[PDB]
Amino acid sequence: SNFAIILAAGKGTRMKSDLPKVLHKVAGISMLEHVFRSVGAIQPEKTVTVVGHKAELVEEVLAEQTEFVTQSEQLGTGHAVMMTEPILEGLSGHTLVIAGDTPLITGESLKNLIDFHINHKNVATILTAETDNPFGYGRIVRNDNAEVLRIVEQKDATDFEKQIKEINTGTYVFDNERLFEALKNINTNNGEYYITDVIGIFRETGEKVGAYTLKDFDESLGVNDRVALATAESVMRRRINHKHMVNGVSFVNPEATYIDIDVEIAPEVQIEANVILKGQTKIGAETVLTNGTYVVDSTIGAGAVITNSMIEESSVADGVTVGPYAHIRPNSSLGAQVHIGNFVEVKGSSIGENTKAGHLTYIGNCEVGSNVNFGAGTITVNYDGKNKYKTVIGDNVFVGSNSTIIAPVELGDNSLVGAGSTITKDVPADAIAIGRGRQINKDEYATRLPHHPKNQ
């Protein structure tokens, strides 16, 4: 049996934030959730998360996923772990201890760590890593058969010890029964106390302590400030986009393309640099996303072309073309082959197959049929100061350019609205509606106006 203890009690002072430190997001989810995902690879029988600062915010994030225990104040990692003792005491197994602020550690690394532990029948295994600049980190002191003798902190380090390159990442696997027996010893013997103290207890008793070394040092990143949060973001970005490229997705610049951890992207999608895909977004096969495009919680079908446009909480069917500079706002649905062109906003509207709105148009709170045409400058009007009205537009409606459609009004199938019209009442199917002043010319009169070349 494996168990996991996740440390998530800390504030994070250097973040300059009132968030619990582990709740800051990387690629769309908290550091804590990244750590939780990796922990899952060990198939823990029990997962206990230690909360402290703003416990309720963390308890919302992992609600129903973990047991919680609380440490009332900061008395160190040893005390943190002690809060889990009423749950874990006396159980037979292997217990991972990991902090919520190391979001790059992978489930493959945790499983290799656990296997290493079990395979070498260690009583404790330290997950270590190796760096050319170890200043600041506890050094790993091994004897000649490569067992850990101790963990020496920077301050207490002899000059020879400072040359040591192998560092303690602060993540461990312990024999669960021995872990709580040793911590009680430390506890009863005294005001902070440290999970590293247990290593020294096992060194007193000659029990076997080992170290399993991460192949990639960046995985050991402990995030304590926004500098480190942006590093984690960069490593995570490269990780996500590499998965995509292996899966058949093209990136002009995968180091400068911003896709959240749970976004899904079908093979043969082509993504230019500086595209942003956020939350529960899905992109269908062969779709093209050009530079500047920003999609959040939306589904986009196959063979679409999203040109520098922002789409939010909406569905976009196959073959749709949107942009450049269009805005599809929440609860919109764009049916197959629809075209939405520049400076067009769609809000709260269903738009039927093959309909086109190429320019300078606002479609708000409309139900729109198939093969509809909106001339440039068409404005739908839904809000009077209190009421929000709906407009119904049938199939094959032709809405003339620069018309103003005042809801609630129905345009029946095949009707036409004259360019420049203000529409205040229903238009029956097959009818036209014209609501505009007629043009009167006056010859010669421009001559007295300021734009005239002679007055220039």
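For every residue, the number given is its place in the sequence shown, counted from 1.
The modelled chain breaks between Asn190 and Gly191, where 1 to 3 residues of the deposited sequence lack coordinates.
If you average the C-alpha B-factors over 311-319 and over 123-131, the higher value belongs to 123-131. Mean CA B-factor, 358-366 versus 149-157: the higher value falls on 149-157. Looking only at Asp115, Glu255, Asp262, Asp297, the residue with the top Cα B factor in the deposited structure is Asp115.
Set against one another, the Cα B-factors of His339, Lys208, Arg329, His242 in the record reach their highest point at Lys208.
Placement of the Cα temperature factor of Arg178 within the chain: middle third of the modelled residues, per the deposited record. The deposited CA B-factor of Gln43 belongs to the highest third of values across its chain.
Ranked by Cα temperature factor within the chain, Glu345 sits in the lowest third according to the deposited record. Ranked by C-alpha B-factor against the other modelled residues of its chain, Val427 falls in the middle third. Per-chain ranking of the deposited C-alpha B factor places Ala376 in the lowest third.
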